[PDB]
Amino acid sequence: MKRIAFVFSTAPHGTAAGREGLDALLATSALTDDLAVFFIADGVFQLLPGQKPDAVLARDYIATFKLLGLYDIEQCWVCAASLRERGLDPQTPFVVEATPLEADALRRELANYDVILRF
């Protein structure tokens, strides 16, 4: 049996990667419970609350991240090191219940997965 890991590494809106990654994540969640989501590098920006992309004519797909909590996609992690490099409050109430992990821990956790899809 394969375990699938989805990794968000890009900032939102500038590119549609986050939106299409979230779509792929949700479709996959319907076929397996063995999946996890990692927010690293610029992908940590995907987690910020209060985003209003319509200001730049982009789709507000951030709201859709709410479905992760709704449909039991609980294996969610965020790179603590990345948040620090970006000057982001580690206590920020993210739109996803992602627990922070230091470099070493996040690395080990990701190595447990058979497939990695990066967005």
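In case it trips you up, residue 1 is the first one in the sequence shown, and so on.
83 to 91 and 57 to 65 differ in mean CA B-factor, and the higher of the two is recorded for 83 to 91. Taking the mean C-alpha B-factor of each stretch as recorded, 92 to 100 and 17 to 25 are not equal, and the higher mean is that of 92 to 100. Ranked against the other modelled residues of its chain, the C-alpha B-factor of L110 as given in the entry falls in the highest third. Among the modelled residues of the chain, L47 sits in the middle third by CA temperature factor in this PDB entry. Remark: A41 belongs to the lowest third of its chain, ranked by C-alpha B-factor as recorded.
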